Amino acid sequence: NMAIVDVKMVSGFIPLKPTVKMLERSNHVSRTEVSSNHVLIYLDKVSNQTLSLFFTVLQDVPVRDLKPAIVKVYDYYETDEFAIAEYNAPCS
Ligand SMILES: *[C@@H]1O[C@H](CO)[C@@H](O)[C@H](O)[C@H]1NC(C)=O
């Protein structure tokens, strides 16, 4: 019935408050938070129709080459059934 989404960041960059704040105030979002660059968006309930999420991540450390970070999505009840999906940076 319920679910949670994790997002590990590449090298070292975080987002701003008017983009993190704007996520909790939308359909299916319980809490938006970041635990040591793991940008977790706490989803409310699971649904068949597609739901899109978005925000701006500001580049701090410009020492870059080619590393795509991970995305996780496991339900709040049974954490064994999830789906991985690595995303690459816009420059890499
Ligand atoms: C989701 O999909 C199933 C069929 O795949 C459907 O029976 C159901 O009504 C849909 N919605 C919910 C809330 O389960």
In percent, how large is the relative contact order of the stretch 23-66, given Cα pairs closer than 8 Å and 6 or more residues apart?
27
Cα-Cα over 18 Å, subset of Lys45/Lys72; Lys17/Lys72; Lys21/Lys67:
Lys17/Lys72; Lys21/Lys67
If you average 1/r across every pair of different Cα atoms in the chain and take the reciprocal, what Kirkwood value do you get, in Å?
14.3
How high is the relative contact order of the chain, in percent, with contacts defined as C-alpha pairs under 8 Å that are six or more residues apart?
37
Residue separation between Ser47 and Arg25 times 0.36 nm, minus their alpha-carbon distance, gives in nm 6.1 nm
What does the charge count near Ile84 come to, summing +1 for each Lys or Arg and -1 for each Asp or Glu among other residues with Cβ under 13 Å from its Cβ?
-1
With n ≥ 4 as the cut-off for DSSP H runs, can you work out [θ] at 222 nm for the chain, using -39500 (n - 2.57) per run divided by the number of residues, rounded to the nearest 500?
-2500 deg cm²/dmol
Report the gain in length on full extension from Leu40 to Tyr74: 0.36 nm times residue separation, minus Cα-Cα distance, nm rounded to one decimal.
11.1 nm
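No value in this document is a laboratory result; all are computed from the given coordinates. Every residue, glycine as well, gets a Cβ built from its backbone with ideal geometry; the counts of neighbours run over all protein chains shown.
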